[PDB]
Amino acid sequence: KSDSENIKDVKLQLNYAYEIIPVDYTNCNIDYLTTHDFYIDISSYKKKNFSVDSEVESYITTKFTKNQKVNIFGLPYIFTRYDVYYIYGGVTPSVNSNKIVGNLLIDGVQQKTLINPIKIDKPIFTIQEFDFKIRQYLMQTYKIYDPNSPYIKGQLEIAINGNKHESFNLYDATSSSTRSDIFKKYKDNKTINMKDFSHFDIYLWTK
């Protein structure tokens, strides 16, 4: 009296994970840097003692410096009793500065052509912010993670001017994956320059 139990469990974990408000703040001071952590102050926003602890993979914090100003866009993977938000990556430098189009295919047939599904005002953003916004767009529009939707496979391709495509699995989780397991991939703090962005291709399958 049950079918496609796993894929349904996988989608459940994903649905739980991405239905969240992101930690989004601009022009924040890096109070301290360790080998794998950014300690960022957002007290001015919170009007209270408040910080963001972003954990990343080796040698990422080495590209930044204490007291540098950065923008944050990360998904919290855990909640505590402290005034601290815990995320992976999502840190980009605040530039002097401070048009996303693509297509969507379902089982080989292009449904959307040159759509502008999301918006990013940063000239430099993390794939984490992009990935998040596309998934929310897909969850909102096609309920890709709802157990009763026919979508069971998917890819998000990102084309960058003067470089090969980059593909990301949209159903990247197991039945026992927590938010932390699913967001761990963002520890690479992968970043993109808006000017270098060409377009994206969303591929969804029901089979």
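Residue positions are given as counts along the sequence shown, with the first one as 1.
In this entry, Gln136 and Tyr137 are joined directly, with no residue of the deposited sequence lacking coordinates between them.
Averaged over their C-alpha atoms, the temperature factors of 161-169 and 141-149 are higher for 161-169.
Taking the mean C-alpha B-factor of each stretch as recorded, 100-108 and 122-130 are not equal, and the higher mean is that of 100-108. Highest C-alpha temperature factor among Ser54, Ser176, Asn49, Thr34 per the entry: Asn49.
Across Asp9, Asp188, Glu19, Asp24, the entry's maximum B-factor at the CA atom is seen for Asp9. Among all modelled residues in this chain, the alpha-carbon of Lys195 has a temperature factor (C-alpha) in the highest third. Sort the modelled residues of the chain by CA B factor and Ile78 lands in the middle third. Looking at the C-alpha B-factors along this chain, the one for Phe38 belongs to the lowest third.
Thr62: CA B factor lies in the highest third for its chain, per the PDB record. Among the modelled residues of its chain, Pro93 has a C-alpha B-factor that falls in the middle third, as given in the PDB entry.
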